[PDB]
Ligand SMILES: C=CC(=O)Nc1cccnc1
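In structure tokens, one chain follows: the form solved without ~{N}-pyridin-3-ylprop-2-enamide.
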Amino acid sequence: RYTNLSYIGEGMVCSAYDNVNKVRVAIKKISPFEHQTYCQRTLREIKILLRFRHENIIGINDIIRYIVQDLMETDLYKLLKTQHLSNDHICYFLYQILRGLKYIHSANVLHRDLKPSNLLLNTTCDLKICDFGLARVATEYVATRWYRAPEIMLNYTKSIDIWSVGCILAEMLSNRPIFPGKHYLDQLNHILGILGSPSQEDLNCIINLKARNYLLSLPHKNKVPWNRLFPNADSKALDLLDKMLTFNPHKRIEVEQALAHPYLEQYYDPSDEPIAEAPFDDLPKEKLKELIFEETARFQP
């Protein structure tokens, strides 16, 4: 069955071709047995992907006891690195990333680390979502803090994914990313400076004692208008970005309203977008492996 063996990257992903299926796919090697923490990621990933179903969200068709999934040409990272974008392309990419967000949120599952390195593209000019391992039902180390929500950064509602998608939209509009940092305090300082000083009415939800004291012991700064930061954008784009990037977690834009925003109202039809068909730890080792085997049991002769 498997032929056309080649190299992709590194577990490890390699090119392959199924003789029986007559289709081209990629295979990735997973070895989470060494650490329970790695196994926790593995258990969620097989369980979350298999139960979901949708066109935009990536899917799994077979497991070789070594995971068989479709392959795309390149991700958003390389395209954003090389080629600049245009208005129509930005519009289309935003309408689709949001369409996926609606299903995952409707599915009542919490996502995290929705960075553009986890968005894939192919020749047919379509976008997809791939990685779903660190997730939860509505001191964890994340690869990048650049695109994280601030109530996570400073010690969970649904606003975090909206924050993520807003950051991706801004990074698509402007060539460079918006919030670069090196230290945790550095990122906090950059975010506070760009978004303006936190008002006391805004400072009610935060409960950490030392963090509350720190944020209280700050000077006052004036918010920068978005027109000054972006002199070659659309008024609708600026308005949507401003509404998305909000300090108040209990008062910020929800997904349904965003899709029907005037910016994207042209490609939005209420009947078109779908809804989820079905509404949605400890440290075992041996029985955890048993559960992994039980979950993966279906994908073999």
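From 1 onward, residues are counted along the sequence shown.
As for the form deposited with ~{N}-pyridin-3-ylprop-2-enamide bound, it is not shown, yet the points below apply to it.
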Binding-site state, shown form vs ~{N}-pyridin-3-ylprop-2-enamide in the deposited complex, superposed, 3 or more atoms under 2.4 Å of backbone or C-beta: open
Stretch from 68-76, 214-222, 97-105, 177-185 whose residues place a heavy atom within 4.5 Å of ~{N}-pyridin-3-ylprop-2-enamide in the deposited complex: 68-76
Partner contact for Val13 in the deposited complex: ~{N}-pyridin-3-ylprop-2-enamide, 4.5 angstroms, heavy atom: yes
Contact label in the deposited complex: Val109 to ~{N}-pyridin-3-ylprop-2-enamide, heavy atom within 4.5 Å: no
4.5 Å heavy atom contact, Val165 and ~{N}-pyridin-3-ylprop-2-enamide in the deposited complex: no
~{N}-pyridin-3-ylprop-2-enamide contact in the deposited complex: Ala26, any heavy atom under 4.5 Å: yes
Residues within 4.5 Å of ~{N}-pyridin-3-ylprop-2-enamide in the deposited complex, restricted to 207-224 and counted by heavy atom: none
